[PDB]
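J.: The structure that follows is given in the form of structure tokens.
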Amino acid sequence: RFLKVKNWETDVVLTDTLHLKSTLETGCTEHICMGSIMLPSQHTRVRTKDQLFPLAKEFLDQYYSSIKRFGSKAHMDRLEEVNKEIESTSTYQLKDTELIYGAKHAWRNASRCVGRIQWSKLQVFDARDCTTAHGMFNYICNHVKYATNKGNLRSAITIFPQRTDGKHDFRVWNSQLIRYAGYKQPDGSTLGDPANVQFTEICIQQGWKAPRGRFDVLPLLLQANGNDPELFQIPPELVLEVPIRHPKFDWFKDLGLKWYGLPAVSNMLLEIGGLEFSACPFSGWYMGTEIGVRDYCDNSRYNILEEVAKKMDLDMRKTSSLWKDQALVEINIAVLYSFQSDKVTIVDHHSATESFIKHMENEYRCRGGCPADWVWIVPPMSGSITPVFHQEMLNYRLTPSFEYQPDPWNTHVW
Amino acid sequence: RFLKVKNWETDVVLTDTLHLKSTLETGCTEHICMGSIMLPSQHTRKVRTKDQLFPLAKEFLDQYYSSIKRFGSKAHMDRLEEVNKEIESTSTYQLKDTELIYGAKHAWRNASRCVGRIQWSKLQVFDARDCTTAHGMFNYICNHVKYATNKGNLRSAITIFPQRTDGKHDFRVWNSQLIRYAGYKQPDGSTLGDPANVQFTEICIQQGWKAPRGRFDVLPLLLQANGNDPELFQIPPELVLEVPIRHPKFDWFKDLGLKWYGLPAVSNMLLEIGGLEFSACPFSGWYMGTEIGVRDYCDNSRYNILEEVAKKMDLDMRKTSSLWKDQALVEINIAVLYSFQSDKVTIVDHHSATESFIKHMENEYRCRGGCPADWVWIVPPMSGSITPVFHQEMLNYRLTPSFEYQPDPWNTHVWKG
Ligand code: HEM
Ligand code: HEM
Ligand SMILES: Cc1cc(N)nc(CCc2c(F)c(F)cc(CCCN(C)C)c2F)c1
Ligand SMILES: Cc1cc(N)nc(CCc2c(F)c(F)cc(CCCN(C)C)c2F)c1
Ligand SMILES: C[C@H](O)[C@H](O)[C@H]1CNc2nc(N)[nH]c(=O)c2N1
Ligand SMILES: C[C@H](O)[C@H](O)[C@H]1CNc2nc(N)[nH]c(=O)c2N1
Ligand SMILES: [Zn+2]
């Protein structure tokens, strides 16, 4: 019950005590492991008055422990003050310090995130005074500019007002702040990003004038206080993009590939002390494989493998020539090369997983553990030559947390 | 209760009812997932009385007679009756030949970490339950190797030695695989040969094996019959099919001196059928290319040839973001596949193998109500997401008959002397 994880490449063994603090459920049982389910019910997300105070107490307890004020007057006073506020208002407000700690720890606890060694350097933008979609746009432009930083990317989260009665939710309808559009052709194929075909249609259905290109930056669709969402175009000078070329193949630039520099997830829900922040876009920097392996080479995405292997003149007759694997490596060399050339922050999967092993070491030593989801942590190429492949990981759910939530168009009372 | 799994590349959704027939435990709880634990308590086998044995037998026989469309028949009830009296009077029981064949096929069919299970029904089962000595084991294993190898046209096979009785007369193959290369720790700390096999190599040498001390020395068989001290046997070299590894474009690749054997034959697992434990049950199939090209050759703790291969390719080795490791890895795996195909030795690449597993899995859901699958093990160790299993949700649960791990015998064996 005080669990051991072993690294089978190095024989390092770590003892996990942190999982005993786990609160939420995994979706597994003794009879069945659901470790490969993408979205179990638990990972998705009104709070009654009774559920809220224990959630607040557990959070304030760990907060005051983290500042070595556990059991202090200031601790008990804050517990009482929040306890009174919940009794009266049926909710409560976080102190700035508690909001910042909560957001950093939601990242720290994100068991699927390989980049968590950076978790404590997150820049938290308090947007809880926001009231309109235009204000949300302003907060998001400031986030994008701060985080992009002329290509020296910086981690950031912007936190909009917390859920109240569920009818006044703040929501960013986009899945990411910056994402390329997707159009169904009459021809039957897909232009641009197929993953965003439905969202691209909701944008057009709301007024957007699509250039119908291959890499059209989507507008923001912002919902404040539960109102109808509104379109806003992000200033192009704020959207850093990188043309993709290859350091050896001159024909690579002719493929016309580019990608955006800033990965900014915008559709998740931040849970702190029972409070639910339905609009909390956060951003870091890319691991190369997200673009090169998933975005460019997933069959349900840009799906460029065949085209690249063609230009490489690879034997595509048989799968055992591993033409897909060759092409895959070259595409991913090009992504890393392009970002590094344009001085846009990016990390290769080798450095990132090595960092995560170091991070796990640190968390086990200083925290007693590190929830980690192997299915997600292991990169989607060259898995076993990265150290995380050989790392046993314990997956459990700690709070504060980032959770998934239903897409807004399914829920929005129009 | 029904459970759904989704393929996120095709949106195909399958419904699992088979997990309801699951008896054993996973290691996970509502509060922790142990999905990535390599050798969890539940997948191993350290010792079993007449108390729990008849329901295990009854459950198996019910499954068996259902599969042959004889559930509730007179043959079914008489067999249950017969097994029951044999248990209470002798404390164990013997499987019929048909039941053993069924049991071994279904143990493979239930192996949730095995990507090659489309083949499960075409398993050649060799009954070695009349074996009594290590020499008899050697003879059975030789015949298995020769049959399974079939001059490179590999055929799946399993050889099943007598079941455990009191845990003091076990049959065991001390080798982890029937064919495997020696590993030698040198005084300077480096390893010659396969570092994974250093401990077993040292046992063989202690038992009298004259080691050639090369990089690819086929290990001797260390065979334990009836709980006696194990004995050394050399597999006839004419029975050990090997492939020199060359590359279709890089002529310097052959000069690395690499080869591998053609027949992957796991020999240290435990086969559980109807509560009976078969502690010596070597089984063999054919290789997926990445087992050799990725894991055997490129694991840092194995042959670890990435450095020298990338040196000879003249890749940028100063920074990892050149992906020199990924580039060399692909070329090594091309070479492995090219060499086996050129020598007409059966092998499957990870694209073909994972595509077949998806078809197998969908078929199993339709005809069986499910297919237990361990994503962590099914996804190949390179190019994971450009194979279709990466995108496939999988439910992992334990069905019997099963293959289980057991502790290495040198840690449990009571030495006779
Ligand atoms: C700073 C550089 C970062 C890197 C290199 C990184 C890396 C990654 C990668 C590769 C994934 C898998 C994503 C996918 O395959 O779709 C992921 C997931 C995730 N990241 Fe990080 N990330 C970074 C920053 C952040 C930040 C700043 C946050 C939050 C403040 C965060 C929260 C998450 C969460 C919650 C997930 C998993 C979503 C889920 O549960 O399904 N990441 N990360
Ligand atoms: C016919 C071709 C076969 C292929 C291509 C194949 C492929 C594989 C691969 C790649 C693995 C992962 C192994 C590793 O990474 O160490 C595996 C695991 C496994 N295979 Fe198969 N296999 C085949 C035949 C068989 C047969 C004949 C049996 C038994 C009769 C079998 C039983 C298993 C079991 C029990 C495991 C899991 C070991 C564990 O639980 O840790 N396989 N297979
Ligand atoms: C901050 C950051 C850093 C980084 N390197 N990458 C990203 C984008 C990758 C990414 C997430 F991080 C995330 F939390 C959620 C998703 C959606 C998953 C949808 N999928 C289940 C179908 C996602 F795509 C963000
Ligand atoms: C029949 C067959 C077909 C095929 N293609 N490959 C193989 C070898 C791979 C393999 C198994 F299949 C298996 F069941 C067990 C192990 C031991 C795992 C040790 N691990 C905990 C460190 C193993 F290595 C065998
Ligand atoms: C079905 C499976 O869980 C799904 O394809 C997962 C696999 N692992 C992943 N890992 C990461 N990092 N990102 C993903 O989207 C996925 N997809
Ligand atoms: C720690 C982790 O479970 C371990 O490295 C696993 C990962 N997946 C694997 N998958 C296969 N096929 N074979 C393995 O040996 C492993 N090792
Ligand atoms: Zn699990």
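Going through the structure tokens in order, the chains are called A, B, and so on, while each chain numbers its residues from 1 and the ligands are numbered from 1 in the order shown.
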Could you give me, as a ChimeraX atom specification, the residues within 12 Å of residue 151 in chain A, counting only C-alpha atoms and dropping anything in the same chain fewer than 6 positions from it?
T.: /A:144-145,238-242,260-262,284-286,339-346
J.: Return the neighbours of chain B among the residues of chain A, cut-off 7 Å, counting only C-alpha atoms, as a VMD selection string.
T.: chain A and resid 9 22 24 to 37 298 to 300 319 to 322 325 to 326 329 333 336 348 350 374 to 375 380 to 385 392 to 396
J.: Residues within 7 Å of range 42-47 of chain A, please, as a PyMOL selection string. Count only C-alpha atoms; anything in the same chain fewer than 4 positions from it doesn't count.
T.: chain A and resi 25-27+51-52+165-166+403-405
J.: So which bits of range 123-288 of chain B end up strand (DSSP E) when you DSSP the backbone, as a PyMOL selection string?
T.: chain B and resi 124-127+157-160+172-173+183-185+191-193+221-224+231-233+242-244+259-261+265-266+270-273+276-278+283-284+287-288
J.: Let me see the file: selected residues, C-alpha atoms, as a JSON list (two decimals), in the first residue's frame.
T.:
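Writing done, so here's part-v8.json:
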```json
[["chain", "number", "residue", "atom", "x", "y", "z"],
["B", 124, "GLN", "CA", 0.62, -26.91, -32.26],
["B", 125, "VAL", "CA", 0.31, -28.48, -28.80],
["B", 126, "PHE", "CA", 2.90, -31.11, -27.90],
["B", 127, "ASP", "CA", 1.85, -33.22, -24.91],
["B", 157, "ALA", "CA", 3.97, -24.57, -30.96],
["B", 158, "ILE", "CA", 3.85, -25.27, -27.25],
["B", 159, "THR", "CA", 5.30, -28.24, -25.37],
["B", 160, "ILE", "CA", 3.61, -29.02, -22.07],
["B", 172, "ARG", "CA", 11.08, -26.11, -15.06],
["B", 173, "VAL", "CA", 13.05, -24.77, -17.98],
["B", 183, "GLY", "CA", 25.96, -12.34, -21.63],
["B", 184, "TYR", "CA", 29.28, -11.92, -19.81],
["B", 185, "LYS", "CA", 30.09, -9.19, -17.31],
["B", 191, "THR", "CA", 29.24, -6.67, -21.02],
["B", 192, "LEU", "CA", 30.00, -9.07, -23.86],
["B", 193, "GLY", "CA", 26.91, -10.47, -25.54],
["B", 221, "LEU", "CA", 19.42, -25.60, -21.99],
["B", 222, "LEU", "CA", 19.19, -25.85, -18.19],
["B", 223, "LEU", "CA", 16.38, -28.32, -17.59],
["B", 224, "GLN", "CA", 14.77, -29.41, -14.32],
["B", 231, "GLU", "CA", 20.96, -30.40, -16.09],
["B", 232, "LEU", "CA", 22.81, -28.80, -19.00],
["B", 233, "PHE", "CA", 22.17, -29.69, -22.63],
["B", 242, "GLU", "CA", 20.06, -17.75, -37.25],
["B", 243, "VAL", "CA", 19.91, -14.74, -39.57],
["B", 244, "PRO", "CA", 22.92, -12.50, -40.25],
["B", 259, "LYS", "CA", 22.80, -11.73, -36.18],
["B", 260, "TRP", "CA", 19.74, -13.03, -34.39],
["B", 261, "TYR", "CA", 18.00, -16.34, -34.01],
["B", 265, "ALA", "CA", 10.35, -19.40, -27.70],
["B", 266, "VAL", "CA", 9.37, -18.28, -24.19],
["B", 270, "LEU", "CA", 3.50, -20.85, -16.07],
["B", 271, "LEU", "CA", 0.43, -22.19, -17.85],
["B", 272, "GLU", "CA", -2.70, -22.36, -15.68],
["B", 273, "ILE", "CA", -5.57, -24.55, -16.94],
["B", 276, "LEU", "CA", -3.68, -27.01, -12.73],
["B", 277, "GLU", "CA", -0.27, -25.34, -12.95],
["B", 278, "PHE", "CA", 2.09, -26.29, -15.82],
["B", 283, "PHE", "CA", 5.91, -21.88, -26.41],
["B", 284, "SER", "CA", 7.10, -20.29, -29.63],
["B", 287, "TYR", "CA", 9.14, -12.49, -34.30],
["B", 288, "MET", "CA", 7.72, -9.05, -34.73]]
```
J.: Residue 212 in chain A: which residues within 8 Å, counting only C-alpha atoms, same-chain residues fewer than 5 positions away excluded, as JSON, numbers by chain?
T.: {"A": [181, 183, 191]}
J.: As a quick test: using only C-alpha atoms and all ligand atoms, which residues lie no more than 8 Å away from ligand 1? Give them as a ChimeraX atom specification.
T.: /A:38-39,43,103-104,106-107,110-116,118-119,122,154-157,265,268,282-287,289-290,294,346-347,352,376-377,379,401-404
J.: Residues as selected, C-alpha atoms, written as a short mmCIF file (atom, residue, chain, number, x, y, z; two decimals), in the first residue's frame, can you do that?
T.:
```cif
data_model
loop_
_atom_site.label_atom_id
_atom_site.label_comp_id
_atom_site.auth_asym_id
_atom_site.auth_seq_id
_atom_site.Cartn_x
_atom_site.Cartn_y
_atom_site.Cartn_z
CA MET A 38 -9.32 8.27 -23.44
CA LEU A 39 -12.12 9.89 -21.40
CA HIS A 43 -11.98 12.68 -16.11
CA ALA A 103 -3.40 26.55 -10.67
CA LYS A 104 0.26 25.56 -10.32
CA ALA A 106 -3.49 21.54 -11.03
CA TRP A 107 -0.59 21.41 -13.50
CA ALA A 110 -1.81 16.55 -14.38
CA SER A 111 -0.74 12.92 -14.60
CA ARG A 112 -0.84 12.96 -18.43
CA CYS A 113 1.50 15.96 -18.82
CA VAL A 114 5.13 15.22 -19.64
CA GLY A 115 6.18 18.87 -19.23
CA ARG A 116 5.48 19.18 -15.52
CA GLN A 118 8.21 23.47 -15.23
CA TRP A 119 5.08 23.38 -13.09
CA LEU A 122 3.52 29.11 -14.36
CA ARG A 154 6.47 31.28 -21.26
CA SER A 155 3.93 29.10 -19.49
CA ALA A 156 0.74 30.90 -18.55
CA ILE A 157 -2.86 30.37 -17.51
CA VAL A 265 -5.48 24.52 -24.34
CA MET A 268 -10.67 22.28 -19.93
CA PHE A 282 -3.35 27.55 -20.41
CA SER A 283 -0.30 27.44 -22.62
CA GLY A 284 3.26 26.18 -22.60
CA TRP A 285 5.47 25.17 -25.52
CA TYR A 286 5.37 22.25 -27.93
CA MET A 287 7.04 18.91 -27.74
CA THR A 289 6.13 15.04 -31.74
CA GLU A 290 2.77 16.72 -31.04
CA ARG A 294 0.21 13.58 -34.24
CA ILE A 346 10.27 23.61 -28.71
CA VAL A 347 11.50 20.47 -26.97
CA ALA A 352 11.28 16.17 -22.54
CA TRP A 376 0.08 9.52 -22.39
CA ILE A 377 3.63 10.19 -21.11
CA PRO A 379 5.90 9.77 -26.88
CA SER A 401 -6.96 19.30 -11.21
CA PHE A 402 -7.67 19.99 -14.85
CA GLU A 403 -10.69 18.04 -16.05
CA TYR A 404 -12.44 17.67 -19.35
#
```
J.: Considering only C-alpha atoms, return as a VMD selection string whatever protein or nucleic-acid residues lie within 10 Å of residue 281 in chain A, sequence-local ones (same chain, fewer than 4 positions apart) excluded.
T.: chain A and resid 140 143 to 144 156 to 160 171 to 172 174 to 177 264 to 270
J.: For the residues in the current selection, export N, CA, C and O atoms as an mmCIF file, in the first residue's frame.
T.:
```cif
data_model
loop_
_atom_site.group_PDB
_atom_site.id
_atom_site.type_symbol
_atom_site.label_atom_id
_atom_site.label_comp_id
_atom_site.auth_asym_id
_atom_site.auth_seq_id
_atom_site.Cartn_x
_atom_site.Cartn_y
_atom_site.Cartn_z
ATOM 1 N N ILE A 140 -7.340 37.329 -23.355
ATOM 2 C CA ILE A 140 -6.712 36.248 -24.117
ATOM 3 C C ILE A 140 -5.613 36.800 -25.015
ATOM 4 O O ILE A 140 -4.529 36.217 -25.106
ATOM 5 N N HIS A 143 -2.693 37.294 -22.757
ATOM 6 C CA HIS A 143 -2.101 35.982 -22.508
ATOM 7 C C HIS A 143 -1.245 35.549 -23.686
ATOM 8 O O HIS A 143 -0.073 35.189 -23.520
ATOM 9 N N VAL A 144 -1.822 35.575 -24.891
ATOM 10 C CA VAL A 144 -1.115 35.077 -26.072
ATOM 11 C C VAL A 144 0.179 35.848 -26.288
ATOM 12 O O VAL A 144 1.230 35.263 -26.587
ATOM 13 N N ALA A 156 1.707 30.013 -19.176
ATOM 14 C CA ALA A 156 0.738 30.899 -18.548
ATOM 15 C C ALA A 156 -0.641 30.259 -18.534
ATOM 16 O O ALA A 156 -0.985 29.454 -19.401
ATOM 17 N N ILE A 157 -1.443 30.674 -17.567
ATOM 18 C CA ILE A 157 -2.862 30.370 -17.508
ATOM 19 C C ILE A 157 -3.606 31.660 -17.199
ATOM 20 O O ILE A 157 -3.126 32.492 -16.417
ATOM 21 N N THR A 158 -4.768 31.833 -17.821
ATOM 22 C CA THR A 158 -5.654 32.950 -17.525
ATOM 23 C C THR A 158 -6.948 32.369 -16.989
ATOM 24 O O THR A 158 -7.553 31.506 -17.633
ATOM 25 N N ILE A 159 -7.370 32.826 -15.814
ATOM 26 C CA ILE A 159 -8.476 32.197 -15.099
ATOM 27 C C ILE A 159 -9.658 33.154 -15.050
ATOM 28 O O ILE A 159 -9.624 34.198 -14.377
ATOM 29 N N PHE A 160 -10.712 32.774 -15.747
ATOM 30 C CA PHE A 160 -11.943 33.541 -15.804
ATOM 31 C C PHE A 160 -12.837 33.168 -14.632
ATOM 32 O O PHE A 160 -12.508 32.265 -13.855
ATOM 33 N N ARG A 171 -16.906 30.283 -20.921
ATOM 34 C CA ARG A 171 -16.363 29.195 -21.723
ATOM 35 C C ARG A 171 -15.671 29.780 -22.940
ATOM 36 O O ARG A 171 -16.203 30.691 -23.589
ATOM 37 N N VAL A 172 -14.476 29.272 -23.220
ATOM 38 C CA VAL A 172 -13.847 29.420 -24.524
ATOM 39 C C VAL A 172 -14.270 28.223 -25.364
ATOM 40 O O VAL A 172 -13.995 27.068 -25.003
ATOM 41 N N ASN A 174 -13.319 27.359 -28.364
ATOM 42 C CA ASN A 174 -12.204 26.725 -29.040
ATOM 43 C C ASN A 174 -11.556 25.693 -28.122
ATOM 44 O O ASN A 174 -11.535 25.843 -26.893
ATOM 45 N N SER A 175 -11.032 24.628 -28.732
ATOM 46 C CA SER A 175 -10.275 23.629 -27.985
ATOM 47 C C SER A 175 -8.875 24.131 -27.660
ATOM 48 O O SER A 175 -8.329 23.820 -26.598
ATOM 49 N N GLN A 176 -8.282 24.889 -28.576
ATOM 50 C CA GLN A 176 -7.047 25.617 -28.337
ATOM 51 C C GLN A 176 -7.233 27.050 -28.804
ATOM 52 O O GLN A 176 -7.965 27.305 -29.761
ATOM 53 N N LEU A 177 -6.545 27.979 -28.132
ATOM 54 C CA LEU A 177 -6.610 29.381 -28.541
ATOM 55 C C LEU A 177 -6.240 29.538 -30.008
ATOM 56 O O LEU A 177 -6.890 30.282 -30.748
ATOM 57 N N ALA A 264 -2.012 26.233 -26.647
ATOM 58 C CA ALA A 264 -2.782 26.899 -25.600
ATOM 59 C C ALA A 264 -4.127 26.188 -25.475
ATOM 60 O O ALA A 264 -5.046 26.459 -26.247
ATOM 61 N N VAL A 265 -4.241 25.278 -24.513
ATOM 62 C CA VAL A 265 -5.476 24.522 -24.343
ATOM 63 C C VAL A 265 -6.498 25.389 -23.631
ATOM 64 O O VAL A 265 -6.215 25.959 -22.573
ATOM 65 N N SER A 266 -7.707 25.459 -24.192
ATOM 66 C CA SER A 266 -8.702 26.419 -23.744
ATOM 67 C C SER A 266 -10.042 25.816 -23.327
ATOM 68 O O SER A 266 -10.904 26.556 -22.834
ATOM 69 N N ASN A 267 -10.253 24.510 -23.468
ATOM 70 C CA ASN A 267 -11.577 23.953 -23.228
ATOM 71 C C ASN A 267 -11.647 23.063 -21.994
ATOM 72 O O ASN A 267 -12.633 22.343 -21.821
ATOM 73 N N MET A 268 -10.648 23.104 -21.127
ATOM 74 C CA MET A 268 -10.673 22.280 -19.932
ATOM 75 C C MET A 268 -11.208 23.066 -18.742
ATOM 76 O O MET A 268 -11.433 24.273 -18.811
ATOM 77 N N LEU A 269 -11.455 22.339 -17.656
ATOM 78 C CA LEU A 269 -12.049 22.880 -16.442
ATOM 79 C C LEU A 269 -11.057 22.723 -15.302
ATOM 80 O O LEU A 269 -10.557 21.615 -15.050
ATOM 81 N N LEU A 270 -10.792 23.826 -14.614
ATOM 82 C CA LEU A 270 -9.856 23.871 -13.500
ATOM 83 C C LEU A 270 -10.646 23.759 -12.201
ATOM 84 O O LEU A 270 -11.558 24.558 -11.953
#
```
J.: For the atom pair atom 14 (F, counted along the ligand's line) of ligand 4 and CA of residue 114 in chain B, what is the interatomic distance in Å to one decimal place?
T.: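 Spanning atom 14 (F, counted along the ligand's line) of ligand 4 to CA of residue 114 in chain B is a straight-line distance of 7.1 Å.
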J.: If we count only C-alpha atoms, what is near residue 206 in chain B at a cut-off of 12 Å, once residues fewer than 3 positions away on the same chain are taken out, given as a PyMOL selection string?
T.: chain B and resi 199-203+209-211+222+230-232
J.: Can you check which residues of range 153-328 of chain B DSSP gives as helix (DSSP H, G or I) on the backbone and send them as a PyMOL selection string?
T.: chain B and resi 195-206+237-239+251-256+289-298+306-313+320-322+324-328
J.: Hey, what's within 10 Å of residue 255 in chain B if we count only C-alpha atoms and toss same-chain stuff fewer than 5 positions away? As a PyMOL selection string, please?
T.: chain B and resi 245-246+250
J.: Hey, can you spit out that residue selection with C-alpha atoms as a PDB file, in the first residue's frame?
T.:
```pdb
ATOM      1  CA  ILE B 245      21.666  -8.926 -40.180  1.00  0.00           C
ATOM      2  CA  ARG B 246      22.457  -6.773 -43.201  1.00  0.00           C
ATOM      3  CA  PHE B 250      24.120   0.144 -46.171  1.00  0.00           C
TER       4      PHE B 250
END
```
J.: Give as a list in words the residues surrounding ligand 2 up to a distance of 7 Å, considering only C-alpha atoms and all ligand atoms.
T.: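 Counting only C-alpha atoms and all ligand atoms, the residues within 7 Å of ligand 2 come out as residues 104, 105, 108, 111, 112, 113, 114, 115, 116, 117, 119, 120, 123, 156, 157, 158, 283, 284, 285, 286, 287, 288, 291, 348, 353, 377, 378, 403 and 404 of chain B.
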J.: Include N, CA, C and O atoms and write out the residues we just selected as a compact mmCIF listing (two decimals), in the first residue's frame.
T.:
```txt
# COMPACT_ATOMS: atom_id res chain seq x y z
N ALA B 104 -4.42 -24.72 -23.70
CA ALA B 104 -3.23 -24.00 -24.14
C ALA B 104 -3.57 -22.95 -25.19
O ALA B 104 -3.02 -21.84 -25.17
N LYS B 105 -4.48 -23.28 -26.11
CA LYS B 105 -4.92 -22.30 -27.10
C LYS B 105 -5.59 -21.12 -26.42
O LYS B 105 -5.36 -19.97 -26.79
N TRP B 108 -3.22 -18.64 -24.65
CA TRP B 108 -2.71 -17.68 -25.63
C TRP B 108 -3.80 -16.69 -26.02
O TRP B 108 -3.58 -15.47 -26.02
N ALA B 111 -4.06 -14.00 -23.48
CA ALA B 111 -2.85 -13.28 -23.12
C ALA B 111 -2.98 -11.82 -23.55
O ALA B 111 -2.70 -11.47 -24.70
N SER B 112 -3.40 -10.94 -22.63
CA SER B 112 -3.79 -9.61 -23.07
C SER B 112 -2.61 -8.76 -23.55
O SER B 112 -2.83 -7.73 -24.22
N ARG B 113 -1.38 -9.15 -23.26
CA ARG B 113 -0.21 -8.43 -23.75
C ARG B 113 0.28 -8.92 -25.11
O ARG B 113 1.24 -8.36 -25.64
N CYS B 114 -0.34 -9.95 -25.70
CA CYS B 114 0.18 -10.55 -26.93
C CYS B 114 -0.49 -9.94 -28.15
O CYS B 114 -1.71 -10.06 -28.34
N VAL B 115 0.31 -9.29 -29.01
CA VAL B 115 -0.22 -8.69 -30.23
C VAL B 115 -0.41 -9.71 -31.34
O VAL B 115 -1.07 -9.39 -32.34
N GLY B 116 0.10 -10.93 -31.19
CA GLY B 116 0.05 -11.90 -32.27
C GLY B 116 -1.09 -12.90 -32.17
O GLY B 116 -1.07 -13.95 -32.83
N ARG B 117 -2.10 -12.57 -31.37
CA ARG B 117 -3.17 -13.50 -31.01
C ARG B 117 -4.14 -13.82 -32.14
O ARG B 117 -4.97 -14.71 -31.97
N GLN B 119 -3.43 -15.49 -34.36
CA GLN B 119 -2.94 -16.82 -34.69
C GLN B 119 -3.31 -17.87 -33.65
O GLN B 119 -2.91 -19.03 -33.80
N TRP B 120 -4.07 -17.50 -32.61
CA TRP B 120 -4.15 -18.33 -31.40
C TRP B 120 -4.70 -19.72 -31.68
O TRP B 120 -4.34 -20.68 -31.00
N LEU B 123 -2.25 -23.26 -33.04
CA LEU B 123 -1.16 -23.55 -32.12
C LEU B 123 -0.96 -25.06 -32.16
O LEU B 123 -1.94 -25.81 -32.09
N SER B 156 3.72 -21.95 -34.93
CA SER B 156 3.52 -21.81 -33.49
C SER B 156 3.40 -23.17 -32.84
O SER B 156 2.72 -24.06 -33.35
N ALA B 157 4.03 -23.30 -31.67
CA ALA B 157 3.97 -24.57 -30.96
C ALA B 157 4.15 -24.33 -29.47
O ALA B 157 4.75 -23.34 -29.04
N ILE B 158 3.62 -25.25 -28.68
CA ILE B 158 3.85 -25.27 -27.25
C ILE B 158 4.08 -26.71 -26.84
O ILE B 158 3.42 -27.62 -27.35
N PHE B 283 6.72 -22.15 -25.24
CA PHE B 283 5.91 -21.88 -26.41
C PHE B 283 6.67 -20.94 -27.33
O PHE B 283 7.56 -20.21 -26.90
N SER B 284 6.35 -21.01 -28.62
CA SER B 284 7.10 -20.29 -29.63
C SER B 284 6.16 -19.83 -30.73
O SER B 284 5.13 -20.44 -30.98
N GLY B 285 6.53 -18.72 -31.35
CA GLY B 285 5.81 -18.26 -32.52
C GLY B 285 6.81 -17.79 -33.55
O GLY B 285 7.73 -18.53 -33.91
N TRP B 286 6.65 -16.55 -33.99
CA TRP B 286 7.61 -15.90 -34.85
C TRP B 286 7.72 -14.44 -34.42
O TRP B 286 6.85 -13.92 -33.72
N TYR B 287 8.80 -13.80 -34.83
CA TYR B 287 9.14 -12.49 -34.30
C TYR B 287 8.36 -11.37 -34.97
O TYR B 287 8.09 -11.41 -36.18
N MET B 288 7.99 -10.37 -34.18
CA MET B 288 7.72 -9.05 -34.73
C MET B 288 9.05 -8.33 -34.79
O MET B 288 9.84 -8.40 -33.84
N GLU B 291 10.74 -6.39 -31.82
CA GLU B 291 11.34 -7.11 -30.71
C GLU B 291 12.85 -7.16 -30.84
O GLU B 291 13.58 -6.94 -29.87
N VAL B 348 7.19 -10.59 -38.96
CA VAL B 348 6.12 -9.66 -39.27
C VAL B 348 6.56 -8.29 -38.78
O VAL B 348 7.16 -8.17 -37.70
N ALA B 353 1.49 -6.38 -38.07
CA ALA B 353 1.08 -7.08 -36.86
C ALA B 353 0.00 -6.33 -36.11
O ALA B 353 -0.94 -6.95 -35.58
N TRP B 377 1.53 -2.80 -23.59
CA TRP B 377 2.31 -3.83 -24.24
C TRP B 377 1.97 -4.02 -25.71
O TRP B 377 2.85 -4.39 -26.49
N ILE B 378 0.72 -3.76 -26.11
CA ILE B 378 0.32 -3.99 -27.50
C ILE B 378 0.95 -2.94 -28.42
O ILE B 378 1.38 -3.25 -29.53
N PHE B 403 -1.39 -17.64 -19.12
CA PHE B 403 0.05 -17.70 -18.90
C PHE B 403 0.40 -16.71 -17.81
O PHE B 403 -0.04 -15.55 -17.85
N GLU B 404 1.17 -17.15 -16.84
CA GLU B 404 1.53 -16.28 -15.73
C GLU B 404 3.04 -16.31 -15.57
O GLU B 404 3.72 -17.26 -16.00
```
J.: Rank nothing, just name the residue among B:194, B:66, B:99, B:296 nearest to ligand 6, using only C-alpha atoms and all ligand atoms.
T.: B:296
J.: Using only C-alpha atoms for the distances, tell me which of B:361, B:141, B:101, B:256 is nearest to residue 234 in chain B.
T.: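 The answer is B:141, which sits nearest to residue 234 in chain B.
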